[PDB]
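All values below were derived from every heavy atom in this structure, side-chain atoms included, with hydrogens, water molecules and symmetry-related copies excluded. Chain naming here is simple, since letters A, B, ... match the order of the sequence lines and numbering starts at 1 in each.
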Amino acid sequence: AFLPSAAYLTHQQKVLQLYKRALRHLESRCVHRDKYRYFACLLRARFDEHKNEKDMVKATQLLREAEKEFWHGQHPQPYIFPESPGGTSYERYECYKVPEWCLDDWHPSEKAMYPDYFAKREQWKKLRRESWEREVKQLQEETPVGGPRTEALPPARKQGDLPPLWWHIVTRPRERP
Amino acid sequence: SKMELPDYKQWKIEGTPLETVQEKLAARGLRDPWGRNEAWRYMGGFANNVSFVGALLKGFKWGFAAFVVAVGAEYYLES
Amino acid sequence: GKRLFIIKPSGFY
Amino acid sequence: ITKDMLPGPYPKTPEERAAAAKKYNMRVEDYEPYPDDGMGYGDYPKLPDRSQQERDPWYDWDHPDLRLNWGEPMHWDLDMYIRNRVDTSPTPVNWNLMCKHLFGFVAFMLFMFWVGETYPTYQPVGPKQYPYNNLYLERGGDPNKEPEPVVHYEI
Amino acid sequence: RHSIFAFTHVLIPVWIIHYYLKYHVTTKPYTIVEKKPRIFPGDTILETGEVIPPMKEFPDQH
Amino acid sequence: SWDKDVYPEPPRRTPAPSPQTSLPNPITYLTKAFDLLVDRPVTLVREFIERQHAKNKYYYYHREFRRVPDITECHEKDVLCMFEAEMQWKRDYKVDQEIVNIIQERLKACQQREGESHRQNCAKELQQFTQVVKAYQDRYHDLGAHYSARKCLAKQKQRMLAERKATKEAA
Amino acid sequence: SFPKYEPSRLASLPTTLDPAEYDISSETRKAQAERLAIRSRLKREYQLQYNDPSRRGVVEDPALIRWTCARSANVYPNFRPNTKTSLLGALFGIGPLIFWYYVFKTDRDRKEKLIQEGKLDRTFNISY
Amino acid sequence: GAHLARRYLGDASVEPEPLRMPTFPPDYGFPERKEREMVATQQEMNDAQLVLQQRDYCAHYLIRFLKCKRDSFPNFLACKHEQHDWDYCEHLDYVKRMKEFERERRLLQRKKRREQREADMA
Amino acid sequence: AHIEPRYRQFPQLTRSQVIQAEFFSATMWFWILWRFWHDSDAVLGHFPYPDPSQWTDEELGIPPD
Amino acid sequence: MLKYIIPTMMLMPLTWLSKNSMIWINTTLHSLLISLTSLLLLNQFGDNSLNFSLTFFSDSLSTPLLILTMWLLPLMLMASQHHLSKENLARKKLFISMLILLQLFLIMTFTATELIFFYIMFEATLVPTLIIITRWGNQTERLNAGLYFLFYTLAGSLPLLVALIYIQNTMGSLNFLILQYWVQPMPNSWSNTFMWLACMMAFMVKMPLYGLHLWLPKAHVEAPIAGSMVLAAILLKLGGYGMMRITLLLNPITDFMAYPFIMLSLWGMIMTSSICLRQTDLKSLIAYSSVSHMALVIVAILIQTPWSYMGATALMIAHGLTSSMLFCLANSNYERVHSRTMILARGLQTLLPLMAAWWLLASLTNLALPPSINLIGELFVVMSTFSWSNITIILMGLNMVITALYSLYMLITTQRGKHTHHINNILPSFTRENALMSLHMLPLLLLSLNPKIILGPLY
Amino acid sequence: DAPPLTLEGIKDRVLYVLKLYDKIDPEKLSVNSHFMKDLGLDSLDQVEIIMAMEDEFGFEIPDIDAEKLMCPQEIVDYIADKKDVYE
Amino acid sequence: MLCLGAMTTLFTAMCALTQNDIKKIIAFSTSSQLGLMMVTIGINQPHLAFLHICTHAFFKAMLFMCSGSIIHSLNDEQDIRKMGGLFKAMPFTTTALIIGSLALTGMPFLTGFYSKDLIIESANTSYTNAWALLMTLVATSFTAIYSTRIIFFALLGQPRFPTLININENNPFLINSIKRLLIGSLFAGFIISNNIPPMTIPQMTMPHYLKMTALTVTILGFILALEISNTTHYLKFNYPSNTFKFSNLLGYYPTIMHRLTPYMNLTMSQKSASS
Ligand SMILES: CCCCCCCCCCCCCCCCCC(=O)OC[C@H](COP(=O)([O-])OC[C@H](O)COP(=O)([O-])OC[C@H](COC(=O)CCCCCCCCCCCCCCCCC)OC(=O)CCCCCCCCCCCCCCCCC)OC(=O)CCCCCCCCCCCCCCCCC
Ligand SMILES: CCCCCCCCCCCCCCCCCC(=O)OC[C@H](COP(=O)(O)OCCN)OC(=O)CCCCCCCCCCCCCCCCC
Ligand SMILES: *C(=O)CCCCCCCCCCCCC
């Protein structure tokens, strides 16, 4: 439905996602580890019973009413991981995630507090500014006519060149700034 | 720097409630694969935790003994 | 040891 | 920004709808404008009335906190449907059953408080007995006058 | 400068607030109004010396 | 200090220290420590400042407004006399405000000073407050934001006609 | 059997309950592929400007400018006076004014009648 | 909590209502009934600044207990004796209120027996 | 020496935290039983509550008619 | 008052005879000296107004507005000297001269003894504001902004011109001091009804009244910074000043003719605050907030109790300082992202912490946090309207709820959340911008210590 | 709080979890042991492996990235990218 | 005040029974105690309510601090379903959390006794709304239920947190900060309630069932929630009810009124106000 690489979820992907959501909401219903492990192997056997169903329509039907069974038997407040979206510590440190370009606007009396760091930042920005036009001309020699098809980015194929559109992935802030 | 791990072999589930879980799964032709991962919660220094009525009575022995000592002290003090 | 540089905006001004 | 990339009038021909859908960067069949009834929308698209909480949060969004892409058309209430405001996320329980349970519980509690006010609890005693004629000079009575004697006896 | 905290943060503000309340607040009427102290049977008024007489003898209960 | 007639106080009657228990209270030692550390040097600084006040003594005064003719004996549309009448009435209105404030301060000081027995032992201040509020309400209430001695004289004439009709309907 | 989920305006339908999610029909394949093509074109067009070292400024989003120009500037030129908007503008624009007019007028007539007949408790009221 | 069920779920004419009572004269049934002595003088409990809920017929023990609590500072447990005296006299005053309640209950039972004997005889 | 993290096992305990925990739990049970030994009327009851049915008629002013 | 009019006129040879790099420094310096001198108007008395000459007087209503007017000129010079840094020198001196000429018209608008001279100055203040908006404005629709500015302010003021001359022919004078003592009760008739409307609708446009307010979220939006500052700080307050002068003559017909305008303002303070909850444009949000706060001043003038006029003048001074600071904050971010869209650049506390503190202070003074004079004005108007009718407390408290909501939503949207990834020209805060914020907020915070100077003629 | 992770520590812990899973014998497991082709595991078993990684390291791996990790070296590198180790 | 406080202490302590985040549960605990304070204001006992403020400060601050020590020792794990096995792992935190729970429920002669027990003893013996008193007693049971819920899922049982143990609490800041409130929650109720002057006349004469009522309903809540706790280890998988979905989804009032009322004030503000 909504994915970065492809446009859809396959049938096998929806089976695996229902399996994972069913185990997580089961663990939310079944707090203790051993009781969860008992009912989790029971649910795993319930999945593996119709593992070899060759009819795609019958497999889609069993997946659909399995989603119905799951929607009835879900936990109201499922355990969300804390840094996962919906958790308690999700996007908590984003107020400390200052982007990298703010170092360039420092006064020189506080750029002199870290001479080796900015003496290295200059050669990082040098590497970026001599990689930019080569990776742009890499992008326009590989993109098909009518635009790109998927959102998947191509790698660097040559030696000496860097992968295209790499600066805000390599120089992103840390999870604990 | 280096963090050493304890040996993976020692987390056998014989002696845990995972043993009872694997017995009730073998009662219907099933085999539990994820027992030894969860074995550490039911072994070692976390095994044999207290119940609630013993968790309330933590320090009840020493506290009651000091109670008896201090009541005897104020009983022998008043004369 | 292994101290990390903290990116923060310009506190001079 | 230029004039043929601004919102314009309501499209009535299919080629005007095609130019509008190309302007708003979306497919023509998915391009549903608001109905032309004077509410001031023009050719603006009717995004399907969801919040931004329902969006896939692990996607590498152009606008992460908005869960929004660059060039993707925005809902007319995009500032309303942010995660700092109204959530239209699906609930485990239906909306009507939630309204039934909450209204029934509140109304039942209010009725039982009123009935318990109608039938109070008390103790098997008389009123408290106060000297100096129910504390007349203490409750602010005027000392030029003299009230009735409130005499309390033994029992 | 070893207990400079208890000097600078206490003993100088006690001086300032005591000078303030003593020569600019209580010299103005009804600024610091105090509830009058509680008089019992058996006390002695420090302004007069009159001993407040004790209560009537109790109809003892136990 | 101030005038003890306009801000009256009942005589202070504190009880004597009658200790019973064997333990010494902390408050006598805290009082003597506060005395020897604070109450003496603050007094010494005030004595030095008082000497510097006594080195150059000079006086300020209270302004006296003599009574000019009021609005009842000023001609209609005669701004030279009714300006004086209006300034006189505005100063009297501000002084009446401060009278009501003084009686409020008496009432509140009595309520706190009497504590729990305030409902009994502050009937005099409550009576004075009710009288001065009834007078201020009959005199200046509902005149509005554009109040004047003309507005107050018109209110007084309407109230006097109401009282005259209330007296005439009782005889 | 199981209680069927009832989608409302404030609680939409989950994707795991939608019947039209599991359509493997090729018009849905083409629609998802064309939406993916549009989204990929806009994604590449964004991050070409976003990863540029020569840019020091705002990557302007024409959808945002278009959103603000819709929310502010395109209201009167695409308004038409019809029955719905007229009854809404008289129902909601002059309606509460008339309602609060009657409420505050009735309250002030009642209070002025109680004052000019000498019934309203106005003993200590001297601040107004 | 049985008289609650005797006033609510049975009949209400025989149970004494809490809000307006006593409905009988204090001399109705008592040969030479005596008043309650007020031990604390009015100016005394005016000077000790007692709460108006606490200015009842047993305020002299409360005056002595507050005087003890002041005179035994900082020893806040040295006046358990006067506190027990005040609390036991509050207990006795509550007993007197219970006796007023039971008096009114038995006199309403007397009115019920009177009207039933009159409805049987006449 | 600060506490070093272990793995899938019971963590290293200080002597001090365990003796303070036992000390305050023993102080809790001491204080509860001590105040139960002294007061015993704030829990159970201060005075006997009299039965209104057991009362006589003469103390309540009941002429038998 | 001539001792302030003559230095304001000497600011013109001070700005036209300066060196080309010295035209901001000299005008800022000498306008700060004139604002230093403006505090000599505080010689007020409990009975009498400070009556200078036949032409000028200054009671305790005009005095805080005069101090605010003479203080606002250096702040406008500081605020406008960055976006005009690439302007022609002659046009730059013309901009400074329009600001000085506007100050000159304002400071003898507030001191006009006679009401047709008040009218002449009150309508003379339009034309520098006209030139500022429709010369140094930003976008395409600045010419429709001033056209609806000039049309609404003249179509309201035109029956006021006939009404003041009708007072001149009937009473004999338009001196306010004479009409204090020669005012006659205006009875119930249709002639006196349209008389009341002619005397009031001009200032109803200038406040603005709800329903007549549609010039303002274009005239404030399409203005430059000095124009928006002077519009939200003084030119809205000219209506409250004129109403407080003109309701002396309109009694007792106000006591039953004020009801529909009290309804319009009491409901428009709810409507425009709800509109502030859904503005995509930050400068529009501050504009509709200005309408929502001036609605209370309209209610407090139309119910004409002493607490109401005290709260209304306190609220005018407080809102002038607060809204001027909020427009300067919005310009400080517009000088970096070049867009007034509020949802564009977020998370700005992660990049500008001290400016986020100034945003926080301006937001707290926006929602009337005690003990600010914002809350003093808000609270006194609420007290007087509760005395007026007890049911109005619902509308007042509901307005205060929505006020705190849009204030803190503006704070959250502009200052908090995740910052924008594709915006990288966010400079550190200049010393000029923080000087502008501090010279707004520090007088507003100091006026909480001694609030009696901004509480009008009947304190 | 929160001791720092290394590639050695993540590798040791991921192989430690995969040596406690009964469908993998401990001698055939390596850093590059692909789960489907080499180790003979199922897709569902690989999903449970990802869930064991989530329970081990205390964060959710999304399904679009869970369904692409098909060897322990990719799992270690993905946790290394999501936690920024060797800083 | 009596009806509103009884409604608050019923609804919040009933919503606390099936929440999963520990800070949510202690927030419903303090809101239920504030409802009890509103109740005892409503029975004309203002000084008992203020004494219960001063009492409640110590142990409810201590319970939030113990939950914070648990959260920091489990790396921002705020959910009670990933806790447990912390009896010996965090002994000082276990100790102070149990002492705070007993002070919350009304253990005899801790700090919470001298306020809450007199609140219930004065709420029984007064001319009172009877349904309000009954809901107050139901809330009194619910306090013991969620207190042993916090102790059970947080401390008792076996671990559920992830495998890397970072459990550490041996810093004198944390130890002294919980220690001084621990001394407060042990002694300050006795100290304050025997330093305060008498401002009302306390009801000390009452029948035996009516004197023991708070303690009895508290212990019965303990017993019923011990049954609820022991029915978790069983190998039974119960489908959720409507009472569980009511108390687990916050009573549906933070669900509807945080969607319905912000819908109207945001759409009428444009489609009927702005546009
Ligand atoms: C006449 C003589 C008078 C002398 C005394 C002065 C009287 C008050 C004047 C104003 C004082 C504050 C001015 C500076 C603060 C604003 C800028 C700022 O935050 O800079 C941070 C900076 C330090 O922070 P940083 O770490 O570097 O950077 C901050 C970060 O960026 C991150 O920023 P942040 O968010 O962490 O920091 C912002 C923070 C944000 O804080 C908040 O949001 C919390 C505030 C609200 C709640 C608490 C207060 C509620 C009200 C109760 C208290 C008032 C009444 C008390 C009386 C008893 C009760 C009635 O604000 C503060 O910390 C300021 C503390 C004081 C707040 C006052 C109230 C502001 C609230 C809004 C209005 C409320 C009503 C009006 C109250 C008026 C009181 C006079 O401060 C300074 O550098 C201060 C510079 C010097 C200031 C001089 C002030 C006087 C100027 C007047 C000149 C003429 C007279 C001569 C007097 C000379 C005195 C030396
Ligand atoms: C003593 C008597 C007591 C009587 C009590 C009973 C009567 C009153 C009943 C309550 C009425 C008000 C409550 C309803 C509105 C609640 C609004 C609110 O807070 O919404 C919360 C919502 C976010 O909630 P959520 O989705 O859970 O957040 C998850 C985190 N991402 O937040 C959002 O969606 C953000 C929305 C921002 C703008 C909201 C606008 C709503 C304004 C409401 C004003 C109400 C005025 C009432 C006036 C009464 C006058 C008498
Ligand atoms: C009759 O029962 C009078 C007592 C007060 C009213 C009833 C109170 C019932 C609840 C308290 C006792 C609970 C015993 C488990």
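The minimum heavy-atom distance linking F:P24 with H:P74 is given by the pair O-CD, 4.1 Å.
Counting non-hydrogen atoms of neighbouring residues, nucleotides and ligands closer than 6.0 angstrom, the CG atom of F:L80 reaches no more than 12 such neighbours. Taking a 6.0 Å sphere around CD of F:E73, one finds it holds more than 12 heavy atoms contributed by other residues, nucleotides or ligands. Counting heavy-atom neighbours within 6.0 Å of F:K94 NZ, excluding the residue itself, gives a total above 12. Within 6.0 Å of atom CD in F:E47, more than 12 heavy atoms from other residues, nucleotides or ligands are found, so the atom counts as buried in its surroundings. Counting non-hydrogen atoms of other residues, nucleotides and ligands closer than 6.0 Å to NZ of F:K55 gives a total of 12 or fewer.
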Could you please show the donor-acceptor pairs under 3.5 angstrom between chain F and chain H, with distances rounded to 0.1 Å?
{"unit_1": "F:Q20", "atom_1": "N", "unit_2": "H:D71", "atom_2": "O", "d": "3.0"}
{"unit_1": "F:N121", "atom_1": "ND2", "unit_2": "H:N46", "atom_2": "OD1", "d": "3.0"}

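The stretch residues 51-122 of chain H participates, sequence neighbours left out, in these disulfide (SG to SG under 2.5 Å) pairs: H:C68-H:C79.
For F:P17, no part sits under 4.5 Å from any heavy atom of chain H, backbone or side chain. In this structure, chain F has heavy atoms under 4.5 Å from both the backbone and the side chain of H:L52.
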